[PDB]
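*Asks:* After the structure tokens below, expect a handful of questions from me.
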């Protein structure tokens, strides 16, 4: 069975819930076929993800790698420039491992910076075009439209939202896998 590696942060690992309750675990159940490995850690910056990548690649030898990182950057100490570079290497390492990189668009809260958001957001379309890889939409956009699927912090999706996200991701990944 082929393997889809998910390299992400709390949006994929789940925030304040077990990984078994997070959408990647639900997606794996929907798929006695494609194997989904959730290598996501709440709080991980794009750099912390890149540091774990080497071992993950040579350990799971995945055909596809879903990169969902960057959202934490801007809280720890990096700029769009650094974030862009970090993600750039991740894509390179994935390609070098004969795996297909799948980049997910990330967006920050309206209250994070006037033009800072535009600079951060632009990073994804640029890299996607630079490496010519699929650029998935930010799944949280649909979740924000449903308050009942959001946690008190208005940032992370709750338990009730995971099934919807798993189905949404299945639909987006279907053509890619």
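All chain A residue numbers match Swiss-Prot; in order, they span 27-57, 59-204.
In case you wondered, yes, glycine gets a Cβ from its N, Cα and C as well.
Here's the feature list from Swiss-Prot:
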ACT_SITE  36  active site, nucleophile
ACT_SITE  180  active site
ACT_SITE  183  active site
BINDING   70, 99  substrate binding site
*Asks:* When the Cα-Cα distance from residue 70 (substrate binding site) is computed for each of the active-site residues 36, 180, 183, which gives the smallest value?
*Replies:* 36
*Asks:* So if I draw a 10 Å sphere around the Cβ of residue 99 (substrate binding site), how many other Cβ atoms end up inside it?
*Replies:* 21
*Asks:* Anything within 10 Å of residue 36 (active site, nucleophile)? Look among the recorded positions 99, 180, 183, comparing CA atoms, and list what you find.
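*Replies:* So far as Cα distances go, the recorded positions lying within 10 Å of residue 36 (active site, nucleophile) are 99, 183.
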*Asks:* Please compare the recorded positions 36, 70, 180, 183 by how many other CB atoms fall within 10 Å of each one's CB, and tell me which has the fewest.
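*Replies:* Relative to the other recorded positions in 36, 70, 180, 183, 180 has the fewest Cβ atoms within 10 Å.
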*Asks:* Provide the three-state secondary structure of residue 99 (substrate binding site) computed with DSSP.
*Replies:* coil
